[PDB]
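J.: Here is my input, please return the structure:
(chains A, B, C and D, ligands or ions: 6)
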Amino acid sequence: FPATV
Amino acid sequence: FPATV
Amino acid sequence: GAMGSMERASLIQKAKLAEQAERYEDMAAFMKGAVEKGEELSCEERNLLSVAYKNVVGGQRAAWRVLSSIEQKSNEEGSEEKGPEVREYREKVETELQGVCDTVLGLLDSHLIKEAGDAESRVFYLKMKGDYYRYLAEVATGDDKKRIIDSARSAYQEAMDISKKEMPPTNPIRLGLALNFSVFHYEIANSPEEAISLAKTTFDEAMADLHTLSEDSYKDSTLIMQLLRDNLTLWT
Amino acid sequence: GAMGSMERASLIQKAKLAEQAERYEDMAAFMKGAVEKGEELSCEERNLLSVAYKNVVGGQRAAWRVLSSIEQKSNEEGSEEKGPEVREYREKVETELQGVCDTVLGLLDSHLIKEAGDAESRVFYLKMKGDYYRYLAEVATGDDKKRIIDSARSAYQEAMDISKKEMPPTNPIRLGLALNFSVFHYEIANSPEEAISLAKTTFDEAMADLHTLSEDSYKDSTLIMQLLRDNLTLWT
Ligand SMILES: *CC(=O)NCCC1CCN(C(=O)C(C)(C)Oc2ccc(Cl)cc2)CC1
Ligand SMILES: *CC(=O)NCCC1CCN(C(=O)C(C)(C)Oc2ccc(Cl)cc2)CC1
Ligand SMILES: [Mg+2]
Ligand SMILES: [Mg+2]
Ligand SMILES: [Mg+2]
Ligand SMILES: [Mg+2]
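T.: Residues are numbered from 1 along each chain as shown, chains lettered A, B, ... in the order given. Ligands and ions are numbered 1, 2, ... in the order given. Find the structure here:
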């Protein structure tokens, strides 16, 4: 999971 | 919370 | 029964998948379904049932404690009138927790306990009954509080009686039972001396029987013994 | 609407309580209730809505990935026929995930987006639309996969267009948007070069505007910039 917000 | 199982 | 149409084995399989995915409500539902097939549970299946519900109720207890803490703080005057919202939401979480406890207790009563003839199965289910009455006791404030407390006590004591006659002092179920019963004495019954005495005696009796165990059994037993020592360190 | 009878302010209050108790399904339900009152959301309220649903869908995505991994492994021949159970349970989790995405998208369409006239509100909602189409894309395999992907792209692009005209390059919403749109390019659109380019340009444009910010704004902006740098390190 790459970073998302 | 003391330990319980 | 929404699980009524699914095979017992498929329900068990899905419970194991739910565990891996950390989907504990799903897990509990699948295990409820399995119990309602009416056959006795195996050791592994009893563990699946216990893990599922312990995790579901464990979440609800953690939330209830957060909400109760807020409710009590907001009722310390100087805080300015919160309104009914904290109480209402704590009550909602409380009612959902009580529902889960009633569901588990219902499964034990219909008809897991009455069919459990071996020491390990009967002690496990009676321990569970003690546990789910203890959770009800944690949130009980009214007319039935004492009877709820004594229901937990009675279940735990019956489990203890059987465990002492039928199981070695290192049996992890016997150890887990005594751990939880000790916590019941401390946190629910207001009997810290009984709690401490039970945890110490249990620990010492197990210590003296460790020599009889394989390396795998030893790991399991010493795991629970560590939890006894942890609580005793907390309390003394 | 089961929340139809509760005051807007009470729903917001309870959403905040649910957050503290880590009761994200409750939180999402309360925030859904608040949206359905029909008034525009404030900055803080938009954040509550986003946090609630991000956590709910985040759990479902994590579970779906666990189940898909098991399903694919069990379909590697030599594994012995699992039966339909892994597929059925993955499909159940998948359908519940799609339901949540459809609920969020429904709130955005009825009528959050159409009423959002300011840059910050419109960009936030369009970003959310892009996100919940991306989550649908992650599990899509059939006839509509391309149209789902392009719905996400279209929402993100519209958000980008507004953010570039109306917001400084350090605006945390603009930054978050570009972060997520970059991930969309990498993971969904199979366009790692576009992903990398977008993350680098976004990072460099923000860097050059940091001098304009207070200490608090700087903290918020540099927080998202770190996430851009983290992804770029992952990808290059
Ligand atoms: C035969 C049977 O009923 N088995 C189910 C219970 C066992 C008990 C041991 N166990 C454990 O995971 C550990 C070692 C953590 O201990 C306990 C002890 C008591 C309880 Cl109630 C739960 C876990 C595997 C399952
Ligand atoms: C005015 C408005 O709409 N506010 C809601 C969004 C803000 C964005 C900044 N924020 C954050 O918690 C951090 C700094 C983590 O960044 C983001 C950025 C974008 C999104 Cl979509 C979420 C969080 C507070 C809420
Ligand atoms: Mg009550
Ligand atoms: Mg005694
Ligand atoms: Mg499907
Ligand atoms: Mg460009």
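J.: okay, CA-based contacts and neighbour counts for the rest of this
T.: OK.
J.: residues of the helix or strand containing residue C:221 that come out buried?
T.: Using DSSP states H and E, residue C:221 sits within helix C:215-235. For helix C:215-235, a neighbour-count test (16 or more other CA atoms under 10 Å in any protein chain shown) marks C:218, C:221, C:222, C:224, C:225, C:227, C:228, C:229, C:231, C:232 as buried.
J.: Leaving out sequence neighbours, find the closest residue to the last one.
T.: By that I understand residue C:232. residue C:196 (6.4 Å; CA to CA, 6 or more residues apart in numbering or on different chains).
J.: Pull the distance from the helix or strand containing the one you found to the chain's centre.
T.: Using DSSP H and E, residue C:196 sits in helix C:192-207. In terms of CA atoms, centre = their mean, to the nearest Å, the centre of helix C:192-207 is found 19 Å from the chain centre.
J.: on that earlier part again, just want the angle from the helix holding residue C:221 to helix C:192-207.
T.: Angle, helix C:215-235 to helix C:192-207, by axes from the mean of the first three to the mean of the last three CA atoms, to 10 degrees: 160 degrees.
J.: Is residue C:122 part of a helix or strand, or is it coil?
T.: helix (DSSP: H, G, I helix; E, B strand; the rest coil).
J.: ok, now residue C:1?
T.: Strictly by three-state DSSP, residue C:1 counts as coil.
J.: dump the residue contacts of it.
T.: residue C:33 (CA atoms under 8 Å, 6 or more residues apart in numbering or on different chains).
J.: what do you get for residue C:231?
T.: By CA under 8 Å, 6+ apart, the neighbours of residue C:231 are B:2, B:3.
J.: Return the distance of it relative to chain D.
T.: 25 Å (CA to the nearest CA, to the nearest Å).
J.: Next one: that residue from residue C:149, what distance?
T.: Per CA to CA, to the nearest Å, residue C:231 is found 21 Å from residue C:149.
J.: and what of residue C:107?
T.: Between residue C:107 and residue C:149 the computed distance is 20 Å (CA to CA).
J.: Could you check which of the two has the larger neighbour count?
T.: residue C:149 (21 against 16; other CA atoms under 10 Å in any protein chain shown).
J.: Hmm, the more buried one is touching residue C:134, no?
T.: Yes. Using CA atoms under 8 Å, residue C:149 is in contact with residue C:134, at 6.8 Å.
J.: anything in contact with each of those two?
T.: Contact criterion CA under 8 Å, 6+ apart; residues shared by residue C:149 and residue C:134: residue C:188.
J.: Residue of chain C nearest chain A, please.
T.: residue C:21 (15.8 Å; CA to the nearest CA).
J.: residues contacting that residue?
T.: Shown in contact with residue C:21 (CA under 8 Å, 6+ apart): D:62, D:63, D:64, D:66, D:67.
J.: the longest helix in chain C is where?
T.: Identified as the longest helix of chain C according to DSSP state H is helix C:43-74.
J.: Which is the succeeding secondary structure element to that helix?
T.: Following helix C:43-74 toward the C-terminus (DSSP H and E): helix C:85-107.
J.: in that following helix, what counts as buried?
T.: Result for helix C:85-107 [16+ other CA under 10 Å]: buried residues C:85-87, C:89-91, C:93-94, C:97-98, C:100-101, C:104-105, C:107.
J.: Repeat that for stretch C:183-191.
T.: Buried-residue list, stretch C:183-191, by 16+ other CA under 10 Å: C:183, C:184, C:185, C:186, C:187, C:188, C:189.
J.: out of those, who's nearest residue C:115?
T.: residue C:184 (26.1 Å; CA to CA).
J.: my read: that closest one touches residue C:134, true?
T.: Yes. Residue C:184 is within contact range of residue C:134, at 6.8 Å (criterion: CA under 8 Å).
J.: mind checking how far the residue nearest the centre of chain C is from residue D:129?
T.: With distances taken as CA atoms, centre = their mean, residue C:131 lies nearest the centre of chain C, 3.6 Å away. Distance of residue C:131 to residue D:129, computed by CA to CA: 45 Å.
J.: before we move on, what about residue C:38?
T.: 47 Å.
J.: who's more crowded, those two?
T.: residue D:129 (26 against 13).
J.: so which helix or strand takes in the residue of chain C found nearest chain B?
T.: At 5.2 Å from chain B, residue C:180 is the closest residue in chain C, using CA to the nearest CA. Assigned by DSSP H and E, residue C:180 belongs to helix C:172-187.
J.: That helix packs against which elements?
T.: helix C:119-139, helix C:145-166, helix C:192-207, helix C:215-235 (3 or more CA pairs under 8 Å, 6 or more residues apart in numbering or on different chains; DSSP states H and E).
J.: how about the ones you listed, which one is nearest residue C:173?
T.: helix C:119-139 (6.5 Å).
J.: List the buried residues for the closest one?
T.: Buried-residue list, helix C:119-139, by 16+ other CA under 10 Å: C:119-139.
J.: Just checking it against ligand 1, any contact.
T.: Yes. For helix C:119-139, a contact with ligand 1 is found by CA under 6 Å from any ligand atom, at C:120, C:121, C:124.
J.: and if you look at stretch C:14-27?
T.: No. On the criterion CA under 6 Å from any ligand atom, stretch C:14-27 is out of touch with ligand 1, staying 13.8 Å away.
J.: first to last residue in that stretch, what's the distance?
T.: Note: stretch C:14-27 ends 7 Å apart using CA to CA.
J.: Which residues of chain C lie near chain B?
T.: Counting by CA under 8 Å from any CA of the partner chain, chain C comes close to chain B at C:176, C:179, C:180, C:183, C:227, C:228, C:230, C:231, C:234.
J.: May I have the residues that are in contact with the last one?
T.: This means residue C:234. residue B:2 are the contacts of residue C:234 under CA under 8 Å, 6+ apart.
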